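Peer 1: Got a structure for you, written out below as structure tokens; questions coming shortly.
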Amino acid sequence: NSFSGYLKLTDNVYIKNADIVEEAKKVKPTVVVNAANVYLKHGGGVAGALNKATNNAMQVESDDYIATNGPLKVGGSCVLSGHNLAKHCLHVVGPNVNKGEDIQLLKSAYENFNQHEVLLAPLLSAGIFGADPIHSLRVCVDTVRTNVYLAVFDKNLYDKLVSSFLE
Ligand SMILES: CNCc1cc(-c2cc3c(N[C@H](c4ccc5c(c4)S(=O)(=O)CCC5)C(C)C)ncnc3[nH]2)co1
């Protein structure tokens with residue numbers, strides 16, 4: 001958990017302009033959060049990047065989990081191996097508002113982080129999931145009580161988020 005160069009927003013929420021894959025390699029976190037979908041198909045974006053960094057071992061494990069347990073629910077999660085990126089990967093499904101899912105499920109999605117003491121995570125439901133990233137950060141700060149290090153891989157969005165928080 002050797003997080004470096006983060007800006008502390010509250011006593012338990014930190015943020016950095018960084019690629020979550022590169023952070024996972026530098027930090028060696030106990031838990032890395034994946035921005036998953038309910039069938040754990042890591043086809044692109046954050047999930048595709050984390051799977052590629054494991055040389056597809058995350059996707060094979062994920063397929064075996066789904067075969068035995070069935071899909072997750074939106075707002076839900078599961079704990080699988082972190083492979084070379086962390087001790088564990090917490091796969092969390094935030095709502096995809098571009099696909100009609102309820103933005104209220106973003107609170108349930110962040111609540112899964114409270115089962116782990118320290119996590120490296122992306123900003124849930126942002127990017128092509130369509131939620132307003134300023135709102136996602138607000139839900140994170142209000143919901144997460146354990147220690148969360150957010151990696152946001154876009155300096156333009158990072159600056160807007162820090163300027164929204166410090167208003
Ligand atoms: C350029 N080579 C591919 C690639 C991409 C990455 C890569 C992207 C990325 C990231 N993006 C942010 C984000 C946050 C959440 C969601 C998405 C996107 S999404 O994938 O569109 C849908 C699920 C939710 C974005 C708002 C700046 N944040 C952190 N670390 C990241 N790493 C490495 O390699």
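Ordering of the structure tokens sets the chain letters (A, B, ...); residue numbers start at 1 within each chain; ligands are numbered from 1 in the order shown.
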Residues of range 41-111 of chain A classed as alpha helix (DSSP H) by DSSP on the backbone are to be reported as number ranges by chain.
Peer 2: A: 45-53, 57-69, 105-111
Peer 1: What's the 7 Å shell around residue 121 in chain A, counting only C-alpha atoms, without same-chain residues fewer than 4 positions away, as a tab-separated table (two decimals) with N, CA, C and O atoms, in the first residue's frame?
Peer 2:
```tsv
chain	number	residue	atom	x	y	z
A	32	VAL	N	-7.47	-4.03	-5.31
A	32	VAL	CA	-7.73	-3.16	-6.45
A	32	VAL	C	-9.17	-3.34	-6.88
A	32	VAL	O	-9.66	-4.47	-6.92
A	33	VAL	N	-9.91	-2.23	-7.10
A	33	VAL	CA	-11.31	-2.33	-7.50
A	33	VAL	C	-11.36	-2.32	-9.03
A	33	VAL	O	-10.76	-1.45	-9.70
A	148	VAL	N	-9.77	4.94	0.82
A	148	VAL	CA	-9.84	4.74	-0.63
A	148	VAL	C	-8.94	5.73	-1.37
A	148	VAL	O	-8.95	6.95	-1.11
A	149	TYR	N	-8.13	5.15	-2.30
A	149	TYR	CA	-7.20	5.89	-3.14
A	149	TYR	C	-7.75	5.82	-4.55
A	149	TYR	O	-7.72	4.77	-5.18
A	150	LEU	N	-8.24	6.97	-5.04
A	150	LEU	CA	-8.86	7.00	-6.39
A	150	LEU	C	-7.80	7.39	-7.41
A	150	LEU	O	-7.19	8.47	-7.29
A	151	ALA	N	-7.73	6.61	-8.47
A	151	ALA	CA	-6.87	6.90	-9.60
A	151	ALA	C	-7.77	7.32	-10.76
A	151	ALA	O	-8.66	6.57	-11.19
```
Peer 1: Would you give me, as a tab-separated table, each residue of chain A having an atom within 9 Å of an atom of ligand 1, along with its shortest atom pair and that distance in Å to one decimal, using only C-alpha atoms and all ligand atoms and sorting by chain and residue number?
Peer 2:
```
residue	atom	partner	partner_atom_place_in_ligand_line	distance
A:17	CA	ligand 1	29 (C)	8.2
A:18	CA	ligand 1	30 (N)	6.2
A:19	CA	ligand 1	30 (N)	3.8
A:20	CA	ligand 1	30 (N)	3.9
A:21	CA	ligand 1	32 (N)	6.0
A:22	CA	ligand 1	32 (N)	8.1
A:23	CA	ligand 1	30 (N)	8.5
A:34	CA	ligand 1	23 (C)	8.5
A:35	CA	ligand 1	23 (C)	5.0
A:36	CA	ligand 1	23 (C)	7.0
A:37	CA	ligand 1	23 (C)	8.5
A:44	CA	ligand 1	20 (O)	6.5
A:45	CA	ligand 1	20 (O)	3.3
A:46	CA	ligand 1	20 (O)	4.1
A:47	CA	ligand 1	20 (O)	6.5
A:48	CA	ligand 1	4 (C)	7.6
A:49	CA	ligand 1	34 (O)	4.8
A:50	CA	ligand 1	33 (C)	7.5
A:52	CA	ligand 1	34 (O)	8.8
A:93	CA	ligand 1	23 (C)	8.9
A:94	CA	ligand 1	24 (C)	7.7
A:96	CA	ligand 1	23 (C)	8.2
A:121	CA	ligand 1	29 (C)	7.8
A:122	CA	ligand 1	29 (C)	5.1
A:123	CA	ligand 1	14 (C)	4.7
A:124	CA	ligand 1	15 (C)	5.1
A:125	CA	ligand 1	24 (C)	4.5
A:126	CA	ligand 1	15 (C)	4.4
A:127	CA	ligand 1	21 (O)	3.5
A:128	CA	ligand 1	21 (O)	4.0
A:129	CA	ligand 1	22 (C)	4.9
A:130	CA	ligand 1	22 (C)	8.0
A:131	CA	ligand 1	24 (C)	8.9
A:133	CA	ligand 1	26 (C)	7.2
A:150	CA	ligand 1	29 (C)	8.0
A:151	CA	ligand 1	29 (C)	5.2
A:152	CA	ligand 1	28 (N)	4.3
A:153	CA	ligand 1	28 (N)	4.3
A:154	CA	ligand 1	27 (C)	4.7
A:155	CA	ligand 1	27 (C)	8.3
A:156	CA	ligand 1	27 (C)	8.8
A:157	CA	ligand 1	27 (C)	6.8
A:158	CA	ligand 1	27 (C)	8.2
```
Peer 1: Write out as a ChimeraX atom specification each polymer residue whose atoms come within 12 Å of residue 167 in chain A, counting only C-alpha atoms; drop sequence neighbours fewer than 4 positions from it.
Peer 2: /A:9,134,160-163
Peer 1: For CA of residue 13 in chain A and CA of residue 146 in chain A, quote the distance in Å rounded to one decimal.
Peer 2: 8.3 Å
